[PDB]
Amino acid sequence: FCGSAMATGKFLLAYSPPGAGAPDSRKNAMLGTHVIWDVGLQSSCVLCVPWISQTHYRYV
Amino acid sequence: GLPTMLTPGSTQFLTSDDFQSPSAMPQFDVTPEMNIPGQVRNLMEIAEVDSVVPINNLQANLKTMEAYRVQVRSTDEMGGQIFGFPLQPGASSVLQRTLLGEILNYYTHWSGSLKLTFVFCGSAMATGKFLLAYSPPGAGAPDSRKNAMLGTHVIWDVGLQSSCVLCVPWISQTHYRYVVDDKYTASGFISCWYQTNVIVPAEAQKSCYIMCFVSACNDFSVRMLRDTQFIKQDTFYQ
Amino acid sequence: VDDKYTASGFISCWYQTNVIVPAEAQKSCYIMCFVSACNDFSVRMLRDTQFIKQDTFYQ
Amino acid sequence: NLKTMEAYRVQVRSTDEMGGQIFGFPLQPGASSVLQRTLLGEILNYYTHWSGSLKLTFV
Amino acid sequence: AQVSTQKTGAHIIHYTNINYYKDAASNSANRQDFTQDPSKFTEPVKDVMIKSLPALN
Amino acid sequence: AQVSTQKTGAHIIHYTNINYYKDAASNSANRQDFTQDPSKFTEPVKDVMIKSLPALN
Amino acid sequence: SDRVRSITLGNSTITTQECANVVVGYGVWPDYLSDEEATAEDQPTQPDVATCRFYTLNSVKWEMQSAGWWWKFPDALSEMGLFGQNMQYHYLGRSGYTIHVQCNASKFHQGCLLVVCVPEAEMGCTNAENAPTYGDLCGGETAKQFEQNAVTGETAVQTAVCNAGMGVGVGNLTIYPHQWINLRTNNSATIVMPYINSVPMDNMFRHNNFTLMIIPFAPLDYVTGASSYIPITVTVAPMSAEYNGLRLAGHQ
Amino acid sequence: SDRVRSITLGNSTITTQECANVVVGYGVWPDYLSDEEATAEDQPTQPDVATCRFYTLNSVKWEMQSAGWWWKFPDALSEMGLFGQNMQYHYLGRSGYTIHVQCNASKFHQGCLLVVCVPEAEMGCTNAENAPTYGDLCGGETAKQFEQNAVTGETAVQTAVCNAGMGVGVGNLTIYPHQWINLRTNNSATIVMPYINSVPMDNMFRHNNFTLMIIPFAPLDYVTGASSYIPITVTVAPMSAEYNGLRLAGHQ
Amino acid sequence: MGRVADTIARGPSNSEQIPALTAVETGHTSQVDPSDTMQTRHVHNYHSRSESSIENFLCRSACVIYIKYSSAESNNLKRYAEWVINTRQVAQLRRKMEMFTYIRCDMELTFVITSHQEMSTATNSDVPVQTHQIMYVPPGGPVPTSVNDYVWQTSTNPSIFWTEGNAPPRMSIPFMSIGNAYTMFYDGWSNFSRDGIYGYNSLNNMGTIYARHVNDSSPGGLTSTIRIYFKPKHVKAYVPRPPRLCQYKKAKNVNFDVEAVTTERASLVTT
Ligand SMILES: CCCOc1ccc2cc(S(=O)(=O)Nc3ccc(C(=O)O)cc3)ccc2c1
Ligand SMILES: CCCOc1ccc2cc(S(=O)(=O)Nc3ccc(C(=O)O)cc3)ccc2c1
């Protein structure tokens, strides 16, 4: 977050594994993997998106 | 004398008390005991014995032997539901005048699993398969065979062994249920469907019968004695 | 119960300084108060409460 | 303020003077209008006696 | 027979009770159990808050 | 049970009491305590006054 | 610092950088039912991570004249993921929860909320001859709202914060597991509710174990020229969810 | 943190959440007079908690053109509680003090104060033939005020911060026990003065052991639309107060 | 014992310890004593919380109903009376139990049975001492429809027979909920549909008391009134609730009328 230090927010960072399309609501986005980011002194938050794949590799 | 003080209930006659009282035949010599076969010590020795269940208790069948048998046949389709009744072994029309159900109507509470045995009374050349189902409540009775097999079920295969038990497990929020029908204490539904069909030779009958039995399991108990509603009088018998 | 022999004192709150606040923040604020017993607190002699009453049985 | 949420909050502000008294009430946690319908005060009105210290938290 | 201390002051003092019934619902009420645990209402917090320290560091 | 002497003469003589209650206010009154100390009313003086001597020397 | 926390449940995680501890309601942390307290004799399904994981509910707008909001549980999660699916197919369920409320603001805004989970929050009715209907007790993922003053109706819930919708002092909802969100201190509340009932398991549509109420005790206030939309978001994860009495879907 | 402190004396307690330590003047903490330094042969009364306890004085308004304030001791506590009563009835007294100054502001306000306790702060006079009178040295619980520029009079104190009312550099009042209150840092000063005199005890009306002076070195300043009333409150507790030479009340 | 904490002696302080300051945004409430905010002496304190136990609070007999019946049937009271068992028709006893969500307890039921002479055109009364029956009928038992019917044979139904001029009769009742505690508040419905009865009355099903004169009617008329008293015993209570603020309306609902939090004051500052 590159706002002011008087600005604060909360965001839902989501990853959805495939086979049901992209989430079209915040409701459907939180059924997937997610990190709720809280903006504070720590200016950054990591959404680690896990491998979760049928195959051991994927094509580039 | 010794200082004493009387406390509430000093002269009451409570009918569920046990107190000592002087005998009116002091020093009476009772007859010796002998062993009489079949000593009962508990009413759960009567409730755990099978009893034929009237699952076909329609208006015409009440005073006849039709009550205790449900026809099953060789259908030209799959065949639908054969019977179904709300489980409640003390308040259901089906189950409440059996041995289990009349020992239940002297009590207000019950708990534990019960077992419905079924017997095919066709020919030995007749064979079938049936889906015996129990559905826990909160979604109504199953209206398809699909919905009946989402519940607890035993698929019965008719063979040399003529009977199959659907044991219906306790599965209850409360530790006890009321003998009376109460919507909080709702106990589920029982049903029977054709899984295959009754298939039989030409020279053997297309229709057969099925009976049902009911008894308590070994985890079953009852609590809180009360008068039964099944016996009554308007004046003293003479 | 209030009894003049058993009089228990007075509570008050005063400004010691002032509420000082920027231009872009509100000049008025609120204060709440909470109350609870300490670990040396006890009560004696059960009685009916005067805060609940009825004129006929509820049905 | 009785049937509203104003009951539980006392305004405090940026004054142009020192500012006077904000509130005050006679202590008596079972007979005071202020304190007798709180948890402490309604457990007190089932009893005729009380003793010990109590603690008023402010926020 | 059960012999137990009476409620007595401050700065003989026992009584005798015999139960006369086969049920424990018939027994006189237990009035002398004074166990407490106020901490599950008064301090129901995951991290132990030490009084002398800041609540929120 | 408490076994204690009865009031008896001059020139069997015990009774038995069992308390039946959980309070000591429920107990029968203590009538057999005969302790005395009249000296705090009868002789309440800082200096001990000996009977045979002058009161005021 | 004590202000930073993460809670990870399933494939969800929440972060806070202002929080006022975590309240564990009655000092009891969620767990599965034991064999000595059981009474349902069939094997329980325990879906673990698939049902235990944060579910964000619909947000509510905090206004200066707002009087509060409530959501009943388990009926706010009845359409949420596989938690709501396992409610459909099972007669019994049994779950604890961690309830996490989010409401950030600037340092030029002020207000105070009570966040409280009330076990068995049976509610009154506007008409004294009638019971409140389901549509007025529950909104699902959407909150039902308290009103500042008394309301009228026939099957409407009597809403009026002073009575808390239950006929009791609203200031006395502090013996129930609770935290406050005061905008000058913290931006989040966390309560961890154990399973609390007098039966070991119960049906999840016919009964509401507790109700989360969020009630402004100090109104929202800010100087005009600052943000005028401030949401309150409630994100709640089941914990130790298990179900018995498998049958066909429905609840009628 | 080092910013939070409490001081408990008697039945009073003060809390701070911004403070810049505590100055113990000359590294000596208040104590009762010893038997080897005594000279008054009667038993001393030591009222303990009844006299040793914070007494809040009248507050002064900090303005942008304020030049400072002073209170002389023990004559600012001469009507305060039983401390002031034991001054009435006793020829001698002897006490140390903890002096605590409070002056909070927002983070959009600026200013700096010197808070200094000056032993034996004998003051000059406008007319060079005359002594300043008691009414101009002392206001009791009310402060006397310094002026920005030179004043005139006959028995008036010469007030002009530059001379500090004593004919010395005002910037050199830093070898005396002192703290600063800078509004962007701390909102409180604390000085603990021992008893300092060249006699072991002395009369409490005829002599002033020290004077607390509060002098703006950076004027109060803020943008119009912010709080314009900012008080300075001085709350001061006696410590180890004891008195000798009991007789009838008065001082003449 | 139930003895309370002693006060601990404390001197002057000046430290970075801050017992007074706290955040109430935590659910935690402060643990401060007087020994944290001022001097204090040591007080050895012998006061007890003995009578503030829940087994002393709830363990006093409270009237829950009275019901009347008449030999003559003078004023529409029939020759027997009935009462569906509940604890919610009386304000005082109800409020005490509703400070808890779940209670398991045994009860002790005491009956105070009185009779009075009625106006009649009868002349010459010398009516024998009345005997009365109090019959408890568990759920789903047969019920009286008259004073003479077969149900008063009490073959399995618990029953008391008591004659006037004697000590009030009492019987213990054990804990007997289907659940593992009685439920004072139920936020559910009796149907999975979410219809039907809502509230605690869904789970109420505690049988019915019936009471009659056992004696045949005499030429005048007597009305007897029986007052029923319940005393909790052996109590464990769970989940504290606020005491009621509002007066009750109904014995099967919590419906309430909106009422004031507290009583008036003239201003913020009162003496
Ligand atoms: C004659 C026609 C009927 O008149 C009345 C008049 C006033 C009534 C008041 C009440 S109450 O206060 O809600 N409950 C009581 C409970 C127990 C007792 C007792 O006596 O133990 C007393 C009152 C109930 C019924 C009442 C019938
Ligand atoms: C006045 C002329 C006579 O009227 C009647 C009317 C109704 C009767 C009903 C019955 S019964 O129900 O078969 N048995 C009972 C047994 C015991 C009790 C009791 O009271 O304990 C009650 C009834 C017997 C005789 C009856 C005479």
# chains A, B, ... in the order shown; residues from 1 in each chain; ligands from 1
$ residues_around --residues "stretch 127-139 of chain G" --least-positions-apart "5" --cutoff "9 Å" --atoms "only C-alpha atoms" --output "JSON, numbers by chain"
{"G": [70, 71, 72, 75, 76, 144, 152, 153, 154, 155, 156, 157, 158], "I": [194, 195, 196, 197, 198, 199, 249, 250, 253, 254, 255, 256, 257]}
$ write_last_selection --atoms "C-alpha atoms" --output "PDB file, in the first residue's frame"
ATOM      1  CA  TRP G  70     -27.215  -8.828  14.390  1.00  0.00           C
ATOM      2  CA  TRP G  71     -26.541 -12.125  12.616  1.00  0.00           C
ATOM      3  CA  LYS G  72     -27.764 -15.460  13.999  1.00  0.00           C
ATOM      4  CA  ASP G  75     -28.077 -19.662   9.974  1.00  0.00           C
ATOM      5  CA  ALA G  76     -25.699 -17.016   8.582  1.00  0.00           C
ATOM      6  CA  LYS G 144     -31.011  -7.658  10.622  1.00  0.00           C
ATOM      7  CA  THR G 152     -44.582  -1.815  15.762  1.00  0.00           C
ATOM      8  CA  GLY G 153     -45.829  -4.718  13.666  1.00  0.00           C
ATOM      9  CA  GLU G 154     -47.517  -8.062  14.211  1.00  0.00           C
ATOM     10  CA  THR G 155     -44.703 -10.560  13.697  1.00  0.00           C
ATOM     11  CA  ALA G 156     -41.905  -7.964  13.712  1.00  0.00           C
ATOM     12  CA  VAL G 157     -39.059  -8.318  16.224  1.00  0.00           C
ATOM     13  CA  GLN G 158     -39.219  -5.623  18.909  1.00  0.00           C
TER      14      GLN G 158
ATOM     15  CA  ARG I 194     -38.797 -22.845  11.188  1.00  0.00           C
ATOM     16  CA  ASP I 195     -42.519 -22.473  11.841  1.00  0.00           C
ATOM     17  CA  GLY I 196     -44.730 -23.359  14.814  1.00  0.00           C
ATOM     18  CA  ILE I 197     -43.906 -22.358  18.393  1.00  0.00           C
ATOM     19  CA  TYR I 198     -40.766 -20.255  18.786  1.00  0.00           C
ATOM     20  CA  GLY I 199     -38.976 -19.903  22.088  1.00  0.00           C
ATOM     21  CA  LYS I 249     -46.360 -10.207  29.192  1.00  0.00           C
ATOM     22  CA  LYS I 250     -46.786 -13.928  28.631  1.00  0.00           C
ATOM     23  CA  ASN I 253     -43.029 -15.781  25.150  1.00  0.00           C
ATOM     24  CA  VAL I 254     -40.416 -13.184  26.106  1.00  0.00           C
ATOM     25  CA  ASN I 255     -42.205 -10.506  24.071  1.00  0.00           C
ATOM     26  CA  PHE I 256     -41.781  -7.488  26.417  1.00  0.00           C
ATOM     27  CA  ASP I 257     -42.707  -3.810  26.149  1.00  0.00           C
TER      28      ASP I 257
END
$ residues_near_ligand --ligand "ligand 1" --cutoff "7 Å" --atoms "only C-alpha atoms and all ligand atoms" --output "list in words"
residues 54, 55, 56 and 57 of chain C; 63, 64, 65, 66, 90 and 227 of chain I
$ closest_atom_pairs --of "chain I" --to "ligand 2" --cutoff "8 Å" --atoms "only C-alpha atoms and all ligand atoms" --output "Markdown table"
| residue | atom | partner | partner_atom_place_in_ligand_line | distance |
| --- | --- | --- | --- | --- |
| I:147 | CA | ligand 2 | 20 (O) | 7.3 |
| I:148 | CA | ligand 2 | 7 (C) | 4.7 |
| I:149 | CA | ligand 2 | 12 (O) | 4.1 |
| I:150 | CA | ligand 2 | 12 (O) | 3.0 |
| I:151 | CA | ligand 2 | 12 (O) | 6.8 |
| I:152 | CA | ligand 2 | 21 (O) | 4.9 |
| I:153 | CA | ligand 2 | 17 (C) | 4.5 |
| I:154 | CA | ligand 2 | 21 (O) | 7.6 |
| I:214 | CA | ligand 2 | 20 (O) | 6.8 |
$ residues_around --residues "residue I:9" --least-positions-apart "2" --cutoff "8 Å" --atoms "only C-alpha atoms" --output "PyMOL selection string"
chain I and resi 7+11+35+39-42
$ residues_around --residues "residue I:193" --least-positions-apart "2" --cutoff "8 Å" --atoms "only C-alpha atoms" --output "VMD selection string"
(chain G and resid 206 251 to 252) or (chain I and resid 191 195)
$ residues_around --residues "stretch 1-10 of chain F" --least-positions-apart "3" --cutoff "10 Å" --atoms "only C-alpha atoms" --output "PyMOL selection string"
(chain E and resi 3+12+14-16) or (chain F and resi 13-19+31-32)
$ residues_around --residues "residue D:37" --least-positions-apart "2" --cutoff "10 Å" --atoms "only C-alpha atoms" --output "PyMOL selection string"
(chain C and resi 51) or (chain D and resi 29-35+39-45) or (chain G and resi 168-169+171-172) or (chain I and resi 242-245+261-263)
$ residues_around --residues "stretch 20-33 of chain A" --least-positions-apart "3" --cutoff "6 Å" --atoms "only C-alpha atoms" --output "ChimeraX atom specification"
/A:14-16 /G:11-12
$ write_last_selection --atoms "N, CA and C atoms" --output "short mmCIF file (atom, residue, chain, number, x, y, z; two decimals), in the first residue's frame"
data_model
loop_
_atom_site.label_atom_id
_atom_site.label_comp_id
_atom_site.auth_asym_id
_atom_site.auth_seq_id
_atom_site.Cartn_x
_atom_site.Cartn_y
_atom_site.Cartn_z
N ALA A 14 -7.13 -12.99 -3.12
CA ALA A 14 -7.67 -14.32 -3.31
C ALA A 14 -7.00 -15.03 -4.44
N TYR A 15 -6.87 -16.37 -4.29
CA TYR A 15 -6.48 -17.31 -5.31
C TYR A 15 -7.61 -18.30 -5.37
N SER A 16 -8.09 -18.63 -6.58
CA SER A 16 -9.09 -19.65 -6.80
C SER A 16 -8.47 -20.68 -7.69
N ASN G 11 -7.62 -22.88 4.37
CA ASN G 11 -6.91 -22.21 3.32
C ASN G 11 -7.15 -20.72 3.41
N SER G 12 -7.63 -20.23 4.57
CA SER G 12 -7.90 -18.83 4.79
C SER G 12 -6.95 -18.37 5.86
#
$ closest_residue --among "G:195, G:217, G:180, G:89" --to "residue G:238" --atoms "only C-alpha atoms"
G:195
$ interface_residues --of "chain I" --to "chain B" --cutoff "7 Å" --atoms "only C-alpha atoms" --output "PyMOL selection string"
chain I and resi 137-142+149-150+155-162+166-170+178-179+190-192+203
$ select_by_dssp --residues "chain A" --states "alpha helix (DSSP H)" --output "ChimeraX atom specification"
/A:26-29
$ closest_residue --among "C:20, C:31, C:11, C:1" --to "chain H" --atoms "only C-alpha atoms"
C:20
$ interface_residues --of "chain H" --to "chain E" --cutoff "12 Å" --atoms "only C-alpha atoms" --output "count of residues only"
7
$ closest_atom_pairs --of "chain H" --to "chain G" --cutoff "12 Å" --atoms "only C-alpha atoms" --output "tab-separated table"
residue	atom	partner	partner_atom	distance
H:1	CA	G:1	CA	11.6
H:106	CA	G:108	CA	11.6
H:107	CA	G:107	CA	11.6
H:225	CA	G:223	CA	11.8
